[PDB]
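Just one chain follows, in the form deposited in one PDB entry, and it is written as structure tokens.
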């Protein structure tokens, strides 16, 4: 049947549905099933909907609304026909946490921060992962969302990626590393991606890279995906840790070379990363440009360590004091409008790289701070950095 709220009805639900309003706008509806039944048996009072690019800009958030006598929670909104991003739900028993119907942008960041720990991905949406803000999210793409190269038609890789556990002597820890290759022999470029777990497992990047290599938008290459181990490790290791890049160069890459040989030429060697991974990528090129020729930094966390509009980043001023220099790196530098604290931090950096201005691809995308946008960027950036190889 299709009795609202019946089991057969829930089975036909597979995430948010949407009906077009007009050329530019869509009405999007979201559902959540309460694993406790109707308002009588349940103990939840609010279900908040948090949408990555959007919800944190508004001004006063809406809860979902229960259909009386069912386990059904509903919520509706509008998005632009080309929007893509991620959302989550926050079912909660607490109801004070947006009690006062104003509020102010300080009472907000407060309240959301309080709540996001309890955030869940949409359990019916077939595509979910750990978000950029460290809370679980689901996918949402409007039908005119800009094409993202490769993602449109994955192709099964010929040789699957090999996971090894790299036991670093210097960093005194162990992590996974995936070594993935995209063609046989001939002098393939190396690309190292940070947050490998994510790109190996949450959004497995293999059939995408393959698709693009078949369509020769990317050269046969060797990809090294490096497990950030977890949040605290990531936050110590990724942003401007020298030991980190020492260990990879000294312990990791020599191994990789023996496993799947790759070119020695910094100019085709890539370091890719998002947020802290972007910041790390840049930092790596800066200090070891002989090993790392190309940088792909998406939404790089350049403020670091001063969160907000406080003080310029420790990398920005290590440059400002004309100290480390960006001599001879080609680099992709991207951030999204809808992200917008990070954006500021990024144009700050762009200026402070007045010298290299010429060999820097600089893009401002429709993205928030979000894996779902990043994935397209990631592909693109890789294409752009490897332009030179089709001379």
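Positions refer to the first chain, counted from 1.
A.B. asks: Please check residue 246 against the other PDB entries of this protein that were compared: is it missing in at least a third of those that model both its neighbours?
C.D. replies: No, residue 246 is modelled in every one of the other compared entries that cover both of its flanks.
A.B. asks: What about residue 59, left without coordinates in a third or more of the other entries of this protein that model its neighbours?
C.D. replies: Result for residue 59: often missing, at least a third of the compared entries.
A.B. asks: If I compare the deposited sequence with the modelled residues, how many are absent between residue 43 and residue 44: none, 1 to 3, 4 to 9, or 10 or more?
C.D. replies: Count of unmodelled residues in between: none.
A.B. asks: Which class fits the unmodelled deposited stretch between residue 186 and residue 187: none, 1 to 3, 4 to 9, or 10 or more?
C.D. replies: Unresolved stretch here: 1 to 3 residues.
A.B. asks: Take the C-alpha B-factors listed in the entry for 316 to 324 and for 148 to 156, compute each mean, and give the stretch with the larger one.
C.D. replies: It is 316 to 324 that shows the higher mean C-alpha B-factor.
A.B. asks: Comparing 187 to 195 with 99 to 107, which has the greater mean CA B-factor as deposited?
C.D. replies: The deposited B-factors put 99 to 107 ahead on the C-alpha mean.
A.B. asks: If you compare 273, 308, 207, 123, which has the highest Cα B-factor in the entry?
C.D. replies: Of the candidates given, the C-alpha B-factor peaks at 308.
A.B. asks: According to the PDB entry, is the CA B factor of residue 68 in the bottom, middle or top third of its chain, that is, lowest, middle or highest?
C.D. replies: Within its chain, residue 68 is a middle-third residue by C-alpha B-factor, going by the deposited values.
A.B. asks: Using the B-factor values recorded in the entry, state whether the Cα atom of residue 32 falls in the lowest, middle or highest third among the modelled residues of its chain.
C.D. replies: Tercile = lowest for this residue's CA B-factor.
A.B. asks: Would you check the entry's CA temperature factor for residue 165 and let me know if it's in the chain's lowest, middle or highest third?
C.D. replies: For residue 165, whose C-alpha B-factor we compare with every modelled residue in the chain, the answer is the lowest third.
A.B. asks: With respect to C-alpha B-factor, does residue 85 fall in the lowest, middle or highest third of the chain as deposited?
C.D. replies: According to the entry, residue 85 has a C-alpha B-factor in the chain's lowest third.
A.B. asks: What third of its chain's C-alpha B-factors does residue 180 belong to: lowest, middle or highest?
C.D. replies: According to the entry, residue 180 has a C-alpha B-factor in the chain's lowest third.
Form deposited in another entry: not shown, discussed below.
A.B. asks: Treating the motion between this form and the one not shown as two rigid parts, report if residue 192 and residue 93 share a part.
C.D. replies: No - residue 192 and residue 93 lie in two rigid parts, which move independently between this form and the one not shown.
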